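Asker: pasting an experimental structure with its sequence.
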Amino acid sequence: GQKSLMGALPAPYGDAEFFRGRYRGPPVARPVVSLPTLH
Amino acid sequence: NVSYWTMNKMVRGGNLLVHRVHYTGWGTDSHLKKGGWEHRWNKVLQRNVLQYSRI
Amino acid sequence: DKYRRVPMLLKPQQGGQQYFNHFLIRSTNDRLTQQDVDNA
Amino acid sequence: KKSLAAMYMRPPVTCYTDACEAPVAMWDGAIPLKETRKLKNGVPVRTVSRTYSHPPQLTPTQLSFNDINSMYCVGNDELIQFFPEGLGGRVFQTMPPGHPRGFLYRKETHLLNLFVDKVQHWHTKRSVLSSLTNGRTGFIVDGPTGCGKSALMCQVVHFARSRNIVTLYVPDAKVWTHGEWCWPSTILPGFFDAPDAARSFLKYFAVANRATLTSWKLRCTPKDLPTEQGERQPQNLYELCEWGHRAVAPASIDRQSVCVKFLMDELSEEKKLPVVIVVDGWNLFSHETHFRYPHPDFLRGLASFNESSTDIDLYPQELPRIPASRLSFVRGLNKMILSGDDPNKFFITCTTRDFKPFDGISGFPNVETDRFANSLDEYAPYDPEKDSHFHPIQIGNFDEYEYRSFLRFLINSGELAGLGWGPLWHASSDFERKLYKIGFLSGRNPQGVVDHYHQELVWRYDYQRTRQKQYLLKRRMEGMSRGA
Amino acid sequence: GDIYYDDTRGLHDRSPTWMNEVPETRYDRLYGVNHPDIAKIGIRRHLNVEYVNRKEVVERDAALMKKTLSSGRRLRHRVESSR
Amino acid sequence: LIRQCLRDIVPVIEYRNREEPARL
Amino acid sequence: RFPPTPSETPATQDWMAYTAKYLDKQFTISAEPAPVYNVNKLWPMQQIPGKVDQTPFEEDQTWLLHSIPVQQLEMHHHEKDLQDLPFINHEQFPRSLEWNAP
Amino acid sequence: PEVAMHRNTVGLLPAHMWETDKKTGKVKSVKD
Amino acid sequence: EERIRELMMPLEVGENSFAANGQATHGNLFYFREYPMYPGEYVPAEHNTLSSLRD
Amino acid sequence: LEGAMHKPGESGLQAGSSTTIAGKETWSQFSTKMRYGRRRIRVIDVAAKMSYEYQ
Amino acid sequence: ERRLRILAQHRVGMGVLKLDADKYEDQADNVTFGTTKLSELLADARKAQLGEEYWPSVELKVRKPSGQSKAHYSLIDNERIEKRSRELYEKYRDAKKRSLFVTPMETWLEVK
Amino acid sequence: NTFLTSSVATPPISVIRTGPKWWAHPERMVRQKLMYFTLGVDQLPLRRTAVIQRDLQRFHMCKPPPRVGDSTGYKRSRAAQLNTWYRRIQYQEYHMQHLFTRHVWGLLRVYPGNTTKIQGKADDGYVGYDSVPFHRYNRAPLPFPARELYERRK
Amino acid sequence: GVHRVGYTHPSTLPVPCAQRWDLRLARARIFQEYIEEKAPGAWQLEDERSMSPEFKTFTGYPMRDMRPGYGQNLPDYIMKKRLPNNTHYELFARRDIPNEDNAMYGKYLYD
Amino acid sequence: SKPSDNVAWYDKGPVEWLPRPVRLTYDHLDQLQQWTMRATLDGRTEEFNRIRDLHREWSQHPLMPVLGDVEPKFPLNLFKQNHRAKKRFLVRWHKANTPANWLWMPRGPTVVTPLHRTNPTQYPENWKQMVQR
Amino acid sequence: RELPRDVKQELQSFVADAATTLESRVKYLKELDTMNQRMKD
Amino acid sequence: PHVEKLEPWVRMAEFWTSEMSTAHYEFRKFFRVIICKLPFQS
Amino acid sequence: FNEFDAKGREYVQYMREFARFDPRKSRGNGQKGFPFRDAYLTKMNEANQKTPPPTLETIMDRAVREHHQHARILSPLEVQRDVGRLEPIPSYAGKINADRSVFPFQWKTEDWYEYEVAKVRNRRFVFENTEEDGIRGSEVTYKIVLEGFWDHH
Amino acid sequence: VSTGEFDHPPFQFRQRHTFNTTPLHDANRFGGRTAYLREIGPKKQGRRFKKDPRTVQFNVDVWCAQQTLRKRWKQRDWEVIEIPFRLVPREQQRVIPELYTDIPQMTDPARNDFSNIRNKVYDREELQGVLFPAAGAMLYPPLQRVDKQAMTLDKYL
Amino acid sequence: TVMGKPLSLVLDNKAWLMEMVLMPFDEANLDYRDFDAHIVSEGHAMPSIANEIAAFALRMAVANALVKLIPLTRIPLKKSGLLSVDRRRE
RNA sequence: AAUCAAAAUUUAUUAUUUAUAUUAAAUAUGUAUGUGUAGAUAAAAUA
Ligand SMILES: Nc1nc2c(ncn2[C@@H]2O[C@H](COP(=O)(O)OP(=O)(O)OP(=O)(O)O)[C@@H](O)[C@H]2O)c(=O)[nH]1
Ligand SMILES: [Mg+2]
């Protein structure tokens, strides 16, 4: 969506990796194969 | 034991107590949903005759 | 046709969920191998 | 990317199995190539070799105890030399003319190989062979359908004919009992013959054992045999089978009856030369052949159909079915079995469970999609202890060792011969996933293993290569981001 | 469960009502429940108690109410545009 | 081409015969 | 009925009767050893004894080539003819289909 | 023609009760 | 052989390598995650963040 | 190409397998000659249907 | 009990002999007819107490002769068949000089 | 073969448009592989057909996203380039099936259906026991009995 | 195949026992069972649509006999058929009246 | 004789084009297995070489089409409600496109392929000639 | 290369629906007549 | 006494609402049985 | 929550019924004496089933890890799959013996054909008034079948 | 479980011999038993029954019942002999209920024989003292049973 | 085992139907040989269930049983869509 | 607002149809394209 300021706060104590139940965002997709180039 | 016209007039008049169901389903009878008209035919046969051990 | 009665989890049919943890552990192993390559 | 295919040289062809290699552009990613560095005229010597090699083509003398649950191969010239009759019911489904001729050496194969090795000099080890068979004339091999029954029959025919032993091989018993047509025996009253199967047998057994049948002198054989102009009277057993099967129709129809009768008579008198007799599907020789007796109105004679008191033209009827003991071939076989004066003939046979399925109800078989169209219409249970005079051996399905070796041979030697995936190796899964999945689908049943190896083409729900290509493409993209 | 051993009743125990088939749960509500032009009190409240010919009566009442509301707004537009 | 001539003139004939309104 | 069971040919009960009568005239064993008790060929059908009858066939060509007529007119059942057809399935009293008689 | 159609013989016809054609072989007249 | 086959995987569309995933028509239908899905999967934490929190 | 021309030996509803152009007509020419050739009315049986005054 | 189970085949079920009397319109005549039929069935079933000739026979599914027994079907009259076959071969080799095909009907199978 | 009736020809695009029903039915595609595997022949256009339709059935229930607009026709033409590429491989297997089956039927002494050509035996369309008494497109009367394409002794 | 149905008397057996055919005759004496003479032994066809448990219309009694042309002309069908006395037809004959008030009383009596 | 569009001329290939629907049974596969077994044990290799030649001719990889090439050369959008016209157009358009007229299959002898062996001596049926020298 | 114009117009006259074309053209003539009548007052 | 469930009798009818459409109305009635088990005849 | 769902409560009751099944106690019960078709016909096929031992690869793969690797192979119900939680390790993890006569249910089709016809024909072959204990046994049985047009009526 | 065809194909437009489509009356269907019910052309009592669905369904039910009967009778390697109660073996000295009367009875749960008594088949060679007392010459030979404890090829000796 | 018969004979040895039954063990990263399963058919009984929709129902049944046995198995099995019910009738 | 038997309604005869199945010759040349009626419904870009 539009650009906001969420997540830009300094997290206290720097322990943002040990919280394994954190929000992981929407599920992104990846290509299974590189399509040939257009030009 | 009436025609389709008389059945529609007695449905629209309110004399009968009939329940409307979807016109492409099989109603509510589990034998009718299972096998159709022939299976309910055989079930009425099984209730009327074949459950009795004849003597 | 119109597959609106089909759930969203059935239309792409995203299988292969067992391999993701193996891929992540392999990625961590390759990062540590690259750190070993850069130091020597 | 990294091909290593232009650098690959072909190893020198020693046997037929080494010559079965495809071009390198086929199996380049199916069978991957490794590089080794040896120390000859320099410290690096880049030698590109294959990860997989073909199984070794071994003589039956060279097969040993350590080759149990391993895979070996036979040459195509040895296949033509040792099997002119053919193979079992489904043995040749895994050998096209491009494929190597592979065989799995199981534990029971090793037992029967040592048994045939002791048969070759039987008069010294007669008490040992009596203790092995428990005094019986031979072994009958039984198990569920699709096991290694007919494959083991071809293996012991290979073992017996590789050691210069006179070997009778009936590769399919359903050409005798469930044959095309039945004819009464010419010189045996009350007996019947399968003429086409007898002609093929008298051809192929003669051209298989010509080495020893030419030295076989005729002991009980009449010398006033009917003989056309220019033909020689037979003085050998090979000459007798050549008199039998080589003829013009319809003189061959009675010539095969006379030849089978006198061949079974000449076999029953030899007490010094060991004769191994291998029959695929002895359970068809132990019950009724599918022919029935003719109606007696056919032989009685009729003037007309209106007033003769007959119904052959009006209504069909099922007459009593002809048993196998009324065939002259099985008559000579049972004469050698039941008479105890023959401590010389070793009947290493098996059964077949090739029959059609029936599970309580049966509709009509769909003519397009029918795996059992050439199957037998029998439906009868069988017990090898009660219905045969031989010692029963129970073969079950594969254990995981034999199944792993067989599937490795199948997949890798089909991709090496240019009959597998080849360039499309990246679409199918790896060997561990294929082994797990085919072990699920088959239950390690060998015919089921072959059928699901062929049915691996239409697997819909394998997602290993998709996630692997996703991970490798993502790793390539982050590596290019690291390079920038 | 048994009432004599029930004390804290377990509710919504993941008994799947989508394995068995009860799809025909259609209901017919009267037209204009929150409409400002349709009155809350009326003789059409007597249409709420009728079971045998329910679907056709609800469709006919909805068609009649749509027709009279369309005619009312048409006459509203014609009179407010004619002056 | 005959179907094109029909699609040209036949709407005019069917308008004049069937669905032409009354005048004055 | 539909199969009109043919005339009884003399020695066709088993293979030894056919071998002794027609093929090999000097056959010593005339028939198979028959037990002293009664064998029931039709099972579990009780057939009138002393009557020539046929067993159910085992091959497909004997079932196919046997002159059996097909159904042509409307089929009838001895109890399901009070009910007219499966679409005019007549019920006298509206008892339940799981109604067990005491 | 279902079972025994081949058993019909030429003595079964009442050939004396009609008059046949000699060229075609068809029945040309019937006797009262 | 899997170690060797990992390096020669045809990641691009070529002669025998076909997409056929609807990547041209729909585009990126299969998901992929770089995080361990808790608590089904486990990746051990990096030593730098551990030592930073420890210090 | 094949089927672009019409061989006069082959019928018009069928399609010829020959690729040659010489001695063949275009299909507009075949359409004009089929519209040209079809002027005749089949002969009416007078004796098969009696007159209306007779009936 | 065995004779009662065989004489009442489907009227016995789960250790209970059941008779559904539907013959007459009234239930009193139906229970009279049911009592009569029960007494008739009991009097017919009680005949097993008279002797062993009224004990009902056990129906055993006796197998056909096995393959070990069918193997001896080839050796039936073995020496007679061999002595016949030698003269049949002599008849055949004398008949081969007349025609190309010698039918077993021309050797041992009598037709007329 | 026991199908000897006169048949109706179909265009190859209508066959492949059936997809998983008849063309890429998995039971049918397996027994086509057993024909090529028996002859010692690599099944490469059949494996090319199976790998395409395996992934084609995987996303066939997904709805395509709406295209808001492109200046050049390059991503639309690339999606059409691969689409007509997948049809031509399946056209090759459609010819490879009809090539080898008519070649095997000449080896197994198998008589085909009506108006069906076997290259070794019957260059014209072989017709046997048709409802029409003559040859439908050769305009020749049919003899009785049917034409034998092979020798007698089995 | 084609054979003659046999019978052994208990006086002929070395151990006497009651046969099954005279037990069938005793059952037919008790329950008045008709014994058809022309019933062929080859025609033992079960109603496999109802008898088989792996069919959709499974009812453990054979609902229809496997006989083409089991019609009204056959007297054994006439003997075992249900008579239409006091079936639903009797209710239809005495109930389906164009006015129900002529079924509860006479109109002259009520007036 | 009611001429129709089902002529299926036998000219442009070993298969007649617009071919009749053919059907394989497993009985055909068992007969083929027995035939290949007899040909293998008899030593006959000519028919195997003819089958390999047909496989080398008709089973090469088809070329990737150029950008702008489509299989509907004709616009199939104008046949909206005339369905029988669309079916007749499809059968005529595929009757025109014979297997001689693919042009994306490298069938001719001028092309080379490293996948399949081209000479019959390269196949392992004659290995004793090329053993070691 | 696209089709020429005259075969495209003749093919559109050949394969399209007649009844839908007739109904749309007749209702178009009716709409034009109502516009002319509304202009005439 | 206890009450035992019984399956309801349900019979549907297929008739025209006109060849236009088919109406599906079902007659139905519901059953509860009451089991009284007494250890004597009263 | 409760313990099991609707279909899970049904098949746990069928195992308690077969655990206390005795065929002489099915005297006059009717079709309620039929002893859970799945587990009953499995016992009748023990002449064909013949529960095999673990395979030679399995007992080698375990005993290498038990002895040569000092880390015992535990069952999939013993795997602590949750990272971040310790599970209370339920007692049915490795104590259930693998026997083919118990589970899974595989039977002969002829026994299943005979079971399904015998269960429907013996539906009303029940003796209600038996000389017994409580709610099963009685002297007279009254059933009052009430019928009305609505289910709440 | 069986994968053969049971139902008849329904009535529709006249099918043609195309791909995935067989004509409604073909010689391949039902062994050619549709030859009785076919019309070769592309009297009302002989034309109306070939088009009725219940008639053709009853006919294919009869044919499938004939196939089930011949496959059940081809399974039979035995025959039923009425043996008296005294000479029968110990497993048949009980009260055997009729078919579909009781629970399918196990043979001997005390002697660990859990199998149906109705499927039990006894050998002819073990009942020669019962079936043949009048011969006295032992018409069938004794069945040779293998020694299970003997060291043979099966036990690596 | 499905209704007393093993899975290779119920689905007529078809790999594309039995792979759907194998799939809930595959997505769970579980070995199939450590589990016994019996599947009872409660719908319409037919002589053969060798089709893809019956195999879909079999997969959903095996996946729900695996979820009921081990609870954490619901984390991959819901992500593969094996626990998800579609509503398509005829 | 002042009535009455169309097909309220049943049955039959050279005769009127549409359907029901029967139903064939014909290479000397030239040749023969519909609207619809139907069943369950699981491909898609010249405007
Ligand atoms: N090469 C090789 N193949 C084997 C071996 N064991 C089993 N097979 C495969 O297993 C399949 C079964 O072979 P058969 O022996 O004919 O099967 P069967 O047990 O006789 O089955 P039935 O004929 O029905 O009785 C064959 O097609 C072989 O491909 C073996 O030891 N060596
Ligand atoms: Mg075999």
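Answerer: Received, thanks. Numbers count the residues shown, from 1 in each chain, chains lettered A, B, ... in the order given. Ligands and ions are numbered 1, 2, ... in the order given.

Asker: what sits up against the longest helix seen in chain I?
Answerer: Identified as the longest helix of chain I according to DSSP state H is helix I:47-54. Helix I:47-54 is contacted from outside by A:13-15, A:17-18, using CB atoms under 8 Å, 6 or more residues apart in numbering or on different chains. Any C-beta I mention is one placed from the backbone N, CA and C, and that applies to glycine too.

Asker: kindly report the same for stretch C:21-40.
Answerer: D:467, D:471, D:475, I:34-36, I:40-44.

Asker: the helices in chain S, which residues?
Answerer: S:7-10, S:15-27, S:52-69, S:74-79.

Asker: just say which of those is most tucked in.
Answerer: Per-residue neighbour counts averaged over each of these give the maximum for helix S:15-27, namely a mean of 23 (mean count of other CB atoms under 10 Å in any protein chain shown).

Asker: that one packs against which elements?
Answerer: helix D:431-442, helix S:7-10, helix S:52-69, helix S:74-79 (3 or more CB pairs under 8 Å, 6 or more residues apart in numbering or on different chains; DSSP states H and E).

Asker: so which residue is dead centre in the chain?
Answerer: Just going to use chain A. A centroid search over chain A (CA atoms, centre = their mean) returns residue A:25, at 6.0 Å, as the residue closest to the centre.

Asker: distance between the longest helix of chain I and the chain's centre?
Answerer: Taking the mean C-alpha point of helix I:47-54 and that of its whole chain, the gap between them comes to 26 Å (CA atoms, centre = their mean, to the nearest Å).

Asker: send the alpha carbons of it over as PDB?
Answerer: Coordinates of each C-alpha in helix I:47-54 appear next as PDB, following Å, rounded to 0.1, in the frame of the first residue of the first chain:
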ATOM      1  CA  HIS I  47      25.800 -16.000  16.700                       C
ATOM      2  CA  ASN I  48      26.100 -12.300  16.100                       C
ATOM      3  CA  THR I  49      22.700 -11.400  17.600                       C
ATOM      4  CA  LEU I  50      23.300 -13.900  20.400                       C
ATOM      5  CA  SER I  51      26.700 -12.400  21.300                       C
ATOM      6  CA  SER I  52      25.200  -8.900  21.000                       C
ATOM      7  CA  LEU I  53      22.400  -9.600  23.400                       C
ATOM      8  CA  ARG I  54      24.900 -11.400  25.700                       C
END
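
Asker: of the contacts of stretch C:21-40, just the buried ones, PyMOL syntax please.
Answerer: The PyMOL command for the buried members of those (criterion: 16 or more other CB atoms under 10 Å in any protein chain shown) is given here:
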select buried, (chain D and resi 467+471) or (chain I and resi 36+40+41+42)
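
Asker: which positions within the longest helix of chain I qualify as buried?
Answerer: The neighbour-count criterion (16+ other CB under 10 Å) identifies no buried residues in helix I:47-54.

Asker: same thing with stretch D:97-113?
Answerer: When burial is assessed from 16+ other CB under 10 Å, stretch D:97-113 yields the following buried residues: D:97-106, D:108-113.

Asker: closest one of those residues to residue L:113?
Answerer: Set against residue L:113, the nearest of the buried residues of stretch D:97-113 by CB to CB is residue D:97 (29.7 Å).

Asker: nearest residue to the spatially most central residue of chain L in space, please, no chain neighbours.
Answerer: Centre of chain L computed as the mean C-alpha position; nearest residue by CA atoms, centre = their mean is residue L:94, 3.9 Å away. Of all residues not flanking residue L:94 in the chain, residue L:12 sits nearest, at 4.9 Å (CB to CB, 6 or more residues apart in numbering or on different chains).

Asker: from RNA strand T, how far out is that neighbour?
Answerer: Plainly put, residue L:12 is 13 Å away from RNA strand T if you go by CB to the nearest atom of the strand, to the nearest Å.

Asker: can I assume that residue is in contact with residue L:92?
Answerer: No. Between residue L:12 and residue L:92 there is no contact under CB atoms under 8 Å: 10.3 Å.
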